[PDB]
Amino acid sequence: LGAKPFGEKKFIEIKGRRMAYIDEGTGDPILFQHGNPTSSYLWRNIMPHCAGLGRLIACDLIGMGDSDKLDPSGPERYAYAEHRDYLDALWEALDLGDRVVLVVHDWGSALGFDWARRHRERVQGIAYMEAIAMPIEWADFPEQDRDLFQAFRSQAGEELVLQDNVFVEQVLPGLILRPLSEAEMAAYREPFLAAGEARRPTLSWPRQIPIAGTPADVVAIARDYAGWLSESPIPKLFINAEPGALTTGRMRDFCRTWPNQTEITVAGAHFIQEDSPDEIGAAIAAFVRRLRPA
């Protein structure tokens, strides 16, 4: 494993804000996108496996990692649409070209899948894991975390997350099978050390998950890329997890119907990158080598 980050953080001004990201190497991009409540740090032990296979990029979503917070922050800030506007602009500013390989997880997959559907001609391949592949129902949500997420999506959410930082301190470790080190948790809580709005992104995200028809805008967006992905011939790599968490049951059955897809199973719950980074990195690298033959 390892607690040291991959490359050095770079910064760029987007919509009057400063966003952080990792950009190492040359060639066609291999774009890694994290979800909630992580950052580019999530891919630190996976990105190395793709050394020399392309331009390795990992962006910190707005309000997360080393990216700027959006003040004034509040209940209406950090919704999917806002995150998309900033990520779209960052990805445009990075001059990615037209043969991009996406590696997505959690909210990074919702964002990545949507971007791919909108820029399909520029997508060479899609590797995904523990993703939001379609709108779901409460019965599809992981049983052990179901009540907690229903609470996030209620008035109790502010105290749980903004005051007590539950997504970072409880959910994150709770969905990783192996024990995290002091430095690893320090890296994960760093962007959220301050109580209050600094932690808003970690609360707004669960309130955006397309569950039982709400929120309607994200449900529609997910229904859109779900339908598209089920018909798209773009090569895909589905990294299934055991026991897994989000991508299980019906969603997993759905993902398994997607065309031109390779699948492997690795040990892990939700944040599988912390449990099987070498298996994941090796799979992604092989995927890319097949997509980019010499």
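When you see a residue number, it is the position in the sequence shown, counting from 1.
Mean C-alpha B-factor higher for 78-86, or for 106-114?
Higher mean C-alpha B-factor: 78-86.
Mean C-alpha B factor from the entry: is it higher for 192-200 or for 139-147?
Comparing averages over the C-alpha atoms only gives 139-147.
Which is it among 123, 127, 216, 168: the one with the largest CA B-factor in the entry?
Among 123, 127, 216, 168, the PDB entry lists the largest C-alpha B-factor for 216.
Going by the CA temperature factor in the entry, name the top one among 237, 251, 229, 50.
That would be 50, according to the entry.
What third of its chain's C-alpha B-factors does residue 163 belong to: lowest, middle or highest?
For residue 163, whose C-alpha B-factor we compare with every modelled residue in the chain, the answer is the lowest third.
Based on the entry's values, in what third of the chain does the Cα temperature factor of residue 177 lie: lowest, middle or highest?
It belongs to the highest third of the chain when residues are ordered by C-alpha B-factor.
Using the B-factor values recorded in the entry, state whether the Cα atom of residue 59 falls in the lowest, middle or highest third among the modelled residues of its chain.
Answer is lowest: the recorded C-alpha B-factor places it there.
Per the entry's values, where does residue 286 land by CA temperature factor relative to the rest of its chain, in the lowest, middle or highest third?
Middle third, going by the recorded CA B-factors of the chain.
Select lowest, middle or highest to describe the third in which the CA B-factor of residue 268 falls within its chain in this entry.
Its C-alpha B-factor, which the entry lists for residue 268, ranks in the middle third among residues of this chain.
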